[PDB]
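Residue 5 is where the sequence shown starts when you use this note's numbering, and the numbers rise one by one after that.
Here is the structure we will look at.
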Amino acid sequence: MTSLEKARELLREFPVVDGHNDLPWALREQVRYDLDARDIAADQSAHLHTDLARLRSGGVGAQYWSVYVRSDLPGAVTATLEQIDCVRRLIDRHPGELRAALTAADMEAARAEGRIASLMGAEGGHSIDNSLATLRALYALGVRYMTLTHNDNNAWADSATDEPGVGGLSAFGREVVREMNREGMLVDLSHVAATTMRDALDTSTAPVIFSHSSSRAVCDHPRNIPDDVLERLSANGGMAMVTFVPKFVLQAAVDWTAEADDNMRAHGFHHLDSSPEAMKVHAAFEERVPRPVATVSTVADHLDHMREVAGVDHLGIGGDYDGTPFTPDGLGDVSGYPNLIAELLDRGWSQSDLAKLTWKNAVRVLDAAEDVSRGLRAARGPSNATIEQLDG
Ligand SMILES: [Zn+2]
Ligand SMILES: [Zn+2]
């Protein structure tokens, strides 16, 4: 058969566990959670990277649904609960295709049934409002990872896309990691500074994840993972779930964005200004200089390198679909994963290497977090510490 044909067959047995999809935020922003207006049992290709038919076509067998909220607005906890409610309602509307999953055993149950295991991951520590009880409440509601920051620092952790703050994790930051370990919530080090990565790896007694990051050696962006951190993953037992964001996998796209940003500032605009005035400026840039386009091969180059540095047992996939406006050719929406698996086959990746990449590493890591949690929950009670107490 072709490599594509083979990829599809492999994915039927060991499907993709995708680590990060922002469909809930996209539904919030497009239709304020009116789910009939973006029904995923219908074709939503005009509006979204995701719907049920494309997930099936893509070989997705489990999804960490992001319950991301902005870190620059008040009421982040309320909005996080609204994000979680969005995911719950989606599961309840599509029981034929989706199955709530809280544990590694739930994931396997879903695979056995042919339903897509639906998990939740919070995207940024601001979602807990400096409160360990709030962290515990998010776990209770089903959240099974938390990205320690989003694009901004928070009071106790530094972000990759902000200036240095506390130097990685503060004392409270370390207490958050310890409580995540006790609860069994996976520590997600996507979006955080390299300092934060190393401090988390020092502190954590459970395997950690990167739910959507690629390789800083291949594409130099602070959103990507340095080799020294990748090297620490086998000892930690965790995994890096490669992402498709073109400016994190193609060096030319990083360079292009950096030039776009400079051009915006040269016109007196913040690089994120979205005003129509700012927009005409950017339009003129893009007309002078076309945006470079990443491909499936770009992403495979990351996986080859990450495999060499971290090891095949420490890899997964996290597309960032409905979380990023641009995508690589061949990976335009959630139906694309077989194209990536076929490229890897063409590069000589074995069937067991690919079963680990797609399914088994993710299941292992969540099981390990549950195992660590069993031991810590038996060993001590939950923390009542506050940020004032530990950080001043
Ligand atoms: Zn993200
Ligand atoms: Zn996101």
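Don't be surprised by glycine CBs; every beta carbon is placed ideally from N, CA and C.
Apart from the five residues on each side of it in sequence, which residues of its chain come closer than 7 Å, Cβ to Cβ, to residue 242? 211, 212, 213, 318, 369
Cβ-Cβ distance between residue 123 and residue 69 below 9 Å: yes
With a threshold of 8 Å, establish whether the CB of residue 363 neighbours any heavy atom of ligand 3. Judged by which ligands are present, ligand 3 is missing from the structure shown, whose ligands are ligand 1 and ligand 2.
Comparing the CB of residue 261 with every heavy atom of ligand 1, is any distance shorter than 8 Å? no
Identify the residues that DSSP records as bridge partners of residue 81: which are they? Paired residues: none, contrary to the question.
Kindly indicate which three-state DSSP category residue 22 falls into: helix, strand or coil? strand
For residue 310 versus residue 253, is the C-beta distance shorter than 9 Å? no
Residue of 297, 267, 381 minimising C-alpha distance to residue 422: There is simply no residue 422 to check, as the chain begins at 5 and stops at 396 in what is shown.
Shortest alpha-carbon distance to residue 197 belongs to which of 134, 174, 380? 174
Going along the chain, which residues of its own chain have a beta-carbon closer than 6 Å to the beta-carbon of residue 156, five neighbours each way excluded? 75, 163, 166
For ligand 2, which residues count as neighbours when the test is a C-beta closer than 5 Å to any heavy atom? 26, 70, 72, 127, 327
Three Cβ pairs or more, each shorter than 8 Å: is that satisfied between the stretch 321 to 337 and the stretch 20 to 30? yes
Mind checking residue 5: buried by the 16 CB within 10 Å criterion, or exposed? exposed
Which class does residue 29 belong to by DSSP, given the choice of helix, strand or coil? helix
Near ligand 1: residue 216 beta-carbon under 8 Å from a heavy atom: yes
Going by the beta-carbon positions, is the gap between residue 82 and residue 71 smaller than 9 Å? no
Boundaries (first-last residue) of the alpha helix (DSSP H) holding residue 69: Counting along the chain, residue 69 falls outside any alpha helix (DSSP H), though it belongs to the beta strand (DSSP E) covering 64 to 70.
Every unbroken alpha helix (DSSP H) within the stretch 274 to 298, with a cutoff of 4 residues, ordered by chain: 280 to 292
Taking CB distances under 9 Å as the criterion, tell me whether residue 61 reaches chain C. Going by chain labels, chain C is absent from the structure shown, which holds only one protein chain.
Among 149, 113, 341, 389, whose alpha-carbon lies nearest the alpha-carbon of residue 14? 341
When we look at the beta-carbon of residue 45 and count the other beta-carbons within 10 Å, is it buried (16 or more) or exposed? exposed
Between the stretch 93 to 102 and the stretch 36 to 44, do three or more beta carbon pairs fall short of 8 Å? yes
For residue 339, which three-state DSSP category applies? helix
Between residue 238 and residue 315, how many whole angstroms is the CB-CB distance? I'm expecting something under 8 Å. 5 Å
Three-state class that DSSP yields for residue 47 in the structure shown: coil
Assumed close pair residue 204, residue 152 - CB separation to whole angstroms, cut-off 8 Å: 7 Å
Tell me, to the nearest whole angstrom, how far the beta carbon of residue 376 is from that of residue 185; I am working on the premise that it is less than 8 Å. 6 Å
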